[PDB]
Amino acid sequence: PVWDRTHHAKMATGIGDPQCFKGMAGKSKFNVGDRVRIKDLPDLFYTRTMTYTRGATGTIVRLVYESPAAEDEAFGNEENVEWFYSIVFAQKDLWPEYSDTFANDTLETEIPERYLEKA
């Protein structure tokens, strides 16, 4: 069993990561402004989509870049690339006890397209 130790460097040198995956995801399924709900996909072994965001609805504020999902990259699988989105959630929609006094507080984090569905 031989591991290819030059692949990443040959691909990203002079370009950068995630810039080296640019254009590989194709057309984005969502766009800025769309309201999306976070799917509660099985998180067995690995995931970078926090449990606290599961089932919550937020707003897409930016398509940040293209890249393999961490779920795949973390296991040496970079063949599939998808769009990543920066999503904003109202704190009250995450934490039931959040005070109405701070009704404008939010939380912004990035989620790969696979976890999203039209709200």
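One rule holds for the numbers: they count along the sequence shown, beginning at 1.
Checked against the record, the higher mean CA B factor of 23-31 and 41-49 lies with 23-31. Two stretches are in play, 104-112 and 6-14, and the higher mean C-alpha B-factor belongs to 6-14. When the CA B factors of the chain's modelled residues are split into thirds, the value for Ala74 lands in the lowest one. The entry lists a Cα temperature factor for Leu94 that places it in the middle third of the chain's modelled residues.
The entry lists a Cα temperature factor for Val81 that places it in the highest third of the chain's modelled residues.
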